[PDB]
Number of protein chains: 2
Amino acid sequence: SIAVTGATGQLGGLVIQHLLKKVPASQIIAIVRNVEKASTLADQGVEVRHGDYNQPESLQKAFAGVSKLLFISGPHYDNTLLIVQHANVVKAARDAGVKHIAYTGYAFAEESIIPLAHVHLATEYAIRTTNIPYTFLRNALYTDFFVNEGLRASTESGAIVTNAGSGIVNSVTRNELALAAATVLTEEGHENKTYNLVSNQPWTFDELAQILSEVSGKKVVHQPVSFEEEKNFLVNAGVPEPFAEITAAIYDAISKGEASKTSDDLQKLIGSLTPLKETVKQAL
Amino acid sequence: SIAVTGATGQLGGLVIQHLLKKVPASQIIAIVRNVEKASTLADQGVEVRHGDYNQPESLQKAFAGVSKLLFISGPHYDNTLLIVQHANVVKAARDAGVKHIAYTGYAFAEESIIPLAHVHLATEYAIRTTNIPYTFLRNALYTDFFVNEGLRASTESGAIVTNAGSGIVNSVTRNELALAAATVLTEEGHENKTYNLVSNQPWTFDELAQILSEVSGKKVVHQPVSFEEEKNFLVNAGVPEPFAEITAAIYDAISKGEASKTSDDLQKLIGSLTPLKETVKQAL
Ligand SMILES: NC(=O)c1ccc[n+]([C@@H]2O[C@H](COP(=O)([O-])OP(=O)(O)OC[C@H]3O[C@@H](n4cnc5c(N)ncnc54)[C@H](OP(=O)(O)O)[C@@H]3O)[C@@H](O)[C@H]2O)c1
Ligand SMILES: NC(=O)c1ccc[n+]([C@@H]2O[C@H](COP(=O)([O-])OP(=O)(O)OC[C@H]3O[C@@H](n4cnc5c(N)ncnc54)[C@H](OP(=O)(O)O)[C@@H]3O)[C@@H](O)[C@H]2O)c1
């Protein structure tokens, strides 16, 4: 019995589709905040349960009798609130007698300068307190954050504008990260282990721009700018202030080597990784 | 304005008595679960407020307008519950706009084999997420845990019985640890810093027994035993099972070097440390 929180979200939806290739739908439980959004899952053989991280009682019920739990992190912007939610989740899983928990954390968190990394470490320590056999799935930033349909704005202008400088990026796709979680949940050998699930073929924004140029046939350059120019760029392109700030801070951190370390853990878990060109062409 | 949680507890009571030597009672707020227990504090000039870690709303009210908060950890035996409580506390302090927070953690936590160390690390990361200027007061085990009026049972029998083997102990008194917290709250220079507040004159249970012999005039030896012999010893001396287990696990960890690392941080903060003989004679 494998339960997946965040099941209607992007990552959780992909996990379930990967689990559906490995186990009967019978064994999969989707735990979800909005039960009406989960109908398509229930049309597949997947059991749907209500579980809201803000409501301990819902989590008690949702985790009842689950063997393996994949706890996908909350997306909230308030990190201090996210620590409460995650704590509620961990306490509910302990009380429910969950037998194995996997948690989607953040690669190389101890060296991060992004405050969200402190949430993932707080949560990993919270899970260690339960004594439940664990797998810490320490996910890179998503390649999809940087490479998406929004790249058409850059083809248009001839420029990818960021404040990442020549920082290196070890991102991987949500889909490879979903496969990794599904792999771990469906095979032995991953108990009490941490994996830093990142690329071993990192890239730069110069390189991304050369790739976009090759694919589109149109000349695009990386235009690196300052933090304040980025946030301005973003706000004036219709990106709401808090998210524009979040985004500039992620690029700023990249410029300082936040995403520059690599591991073979993911490749060892899922096999060959998707080349960035292949992801760029899909995005377009 | 300096607020102290756990104010009717042993450590918090001593902190307030130390703060009373440094600031008018006007500026001190005792935050407390049981308001009737705090009357003696209110007879001094100290403001009493209700704050229960299980009740977010109480904490919102209790932390209103406080400048500096000393968050003394919860004593609960359920570590997973303690993570929820501590998270509630941290979120309340962020919401209340607390300007500086000190938290009593556990020295060298990253190297601990005691599960309570994961709670203190989860909490430190929770505090880092708030961005509030912090002081992590990483307290050694209390010398008072080992050296107390209970040593008369050992004088009686001629033996201190433990499963600590010849493990080394860097413990310090609750009172020195209270002085350290009070010092930090009342002088500049301690913002965004962690201190491992332990002894630089560690001791063994052989040594404790020689000291008890010198003080009492009666011959007492350390009798080191196994984990299961300890727990049995303890249970049959009227120590309730969960606490007997807690105690055997603390000694077991000592036997494996849990308390063997030292730092000059405390001595640098408070001046000379209390010799163990002086603490033994007080206990008796
Ligand atoms: N590594 C990265 O680059 C990266 C980037 C962004 C996010 N993340 C983290 O990884 C997680 C998964 O990524 P994603 O792309 O799948 O994000 P996503 O599409 O935003 O999914 C977030 C999921 O969490 C659910 N959720 C929100 N609040 C909840 C609550 N109170 N109780 C229960 N569920 C709640 C959402 O439910 P609804 O559908 O009902 O709203 C949604 O299913 C995110 O939650 C976030 O913490 C990582
Ligand atoms: N370093 C060590 O060797 C060591 C040893 C033991 C404990 N500790 C930790 O350090 C802390 C202080 O040590 P201590 O000797 O002063 O312990 P203590 O005498 O047991 O004090 C614990 C304090 O926390 C309060 N408390 C319990 N539950 C609470 C709640 N739900 N909301 C608000 N307050 C609550 C208690 O209030 P009441 O008086 O109303 O019950 C008490 O004032 C402990 O909480 C524990 O986590 C450290």
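Counting convention: from 1, in listed order, for ligands and their atoms alike. Side-chain atoms are counted along with the backbone in the values below, which use heavy atoms only and exclude waters and symmetry mates. Chain naming here is simple, since letters A, B, ... match the order of the sequence lines and numbering starts at 1 in each.
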Per-atom filter on ligand 2: closer than 4.0 angstrom to a heavy atom of B/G6 are 43 (O)

First locate atom CD of B/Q85, then atom OG1 of B/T123, and finally report the distance between them rounded to the nearest 0.5 Å. 10.0 Å

To which protein heavy atom is atom 14 (P) of ligand 2 closest, and what is the distance rounded to 0.1 Å? B/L11 N, 3.8 Å

Exam field: side chain A/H50 to backbone A/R33, donor-acceptor pair closer than 3.5 Å: yes

Option set A/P75, A/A259, A/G13, A/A178, criterion heavy-atom distance to atom 27 (C) of ligand 1, minimum: A/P75

Between ligand 1 and A/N54, can you find any atom pair, the residue atom being a heavy atom, that is separated by under 4.0 Å? yes

Write out the residue and atom name of the closest protein heavy atom to atom 47 (O) of ligand 2, then the distance separating them to 0.1 Å. B/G74 O, 2.5 Å

Within a distance under 4.0 Å of any heavy atom of B/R174, pick out the atoms of ligand 2 and give their elements. 15 (O)

Less than 4.5 Å apart, any side-chain heavy atom of A/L82 and any of A/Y53? no

Looking at ligand 1, is there an atom of it that comes within less than 4.0 Å of some heavy atom belonging to A/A140? yes

Please report which non-hydrogen protein atom sits nearest to atom 36 (C) of ligand 2, along with the residue it belongs to and the distance in Å to one decimal place. B/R33 NH2, 4.3 Å

Heavy atoms of the protein only: does one fall short of 4.0 Å from atom 17 (O) of ligand 1? no

Looking only at protein heavy atoms, what sits closest to atom 39 (O) of ligand 2 is B/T8 OG1, 3.1 Å

Got a sec: does the CD of B/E111 have more than 12 other heavy atoms crowding it under 6.0 Å? yes

Please output the side-chain donor-acceptor pairs of residues 10-19 of chain B that fall under 3.5 Å, not counting sequence neighbours, one pair per line with the distance.
from  : atom 1 : to     : atom 2 : distance (Å)
B/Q10 : OE1    : B/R174 : NH1    : 3.4
B/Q17 : NE2    : B/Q44  : OE1    : 3.4
B/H18 : NE2    : B/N175 : OD1    : 2.7

Distance filter under 4.0 Å to B/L141 heavy atoms, resulting ligand 2 atoms: 1 (N), 2 (C), 3 (O)

Any side-chain heavy atom of A/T274 within less than 4.5 Å of one from A/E176? yes

Nearest heavy atom to atom 7 (C) of ligand 1: which of A/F145, A/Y142, A/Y106 does it belong to? A/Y142

Atom 32 (N) of ligand 1 [closest protein heavy-atom partner, distance rounded to 0.1 Å]: A/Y53 N, 3.0 Å

Establish, yes or no, whether a centroid distance under 6.0 Å links the rings of A/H120 and B/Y125. no

Atom 19 (O) of ligand 2 sits nearest the protein heavy atom B/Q10 N, 3.0 Å

Looking only at non-hydrogen atoms, which of B/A62, B/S73, B/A107 approaches atom 11 (C) of ligand 2 most closely? B/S73

Would you say B/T104 contacts ligand 2, with heavy atoms under 4.0 Å as the rule? no

Rounded to the nearest 0.5 Å, how far does CG of B/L179 lie from CG of B/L269? 7.5 Å

With a heavy-atom distance limit of 4.0 Å, tell me whether A/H76 approaches ligand 1 through its side chain, its backbone, both, or neither. neither

Please report which non-hydrogen protein atom sits nearest to atom 43 (O) of ligand 2, along with the residue it belongs to and the distance in Å to one decimal place. B/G9 N, 2.8 Å

Using a 3.5 Å distance criterion without hydrogens, assess whether the side chain of B/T129 forms a donor-acceptor pair with backbone atoms of A/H118. no

Which atoms of ligand 2 have any heavy atom of B/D52 under 4.0 Å away? 30 (C), 31 (N), 32 (N)

Select one of side chain, backbone, both or neither to describe which atoms of A/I72 lie under 4.0 Å from any atom of ligand 1, heavy atoms only. side chain

Distance (rounded to the nearest 0.5 Å) between A/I101 CD1 and A/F71 CZ: 6.5 Å

Sequence neighbours excluded, the answer for side-chain hydrogen bond (donor to acceptor under 3.5 Å, both in side chains) partners of A/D265 is A/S263

Check this for me: A/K61, atom NZ, are more than 12 non-hydrogen atoms of other residues, nucleotides or ligands nearer than 6.0 Å? no

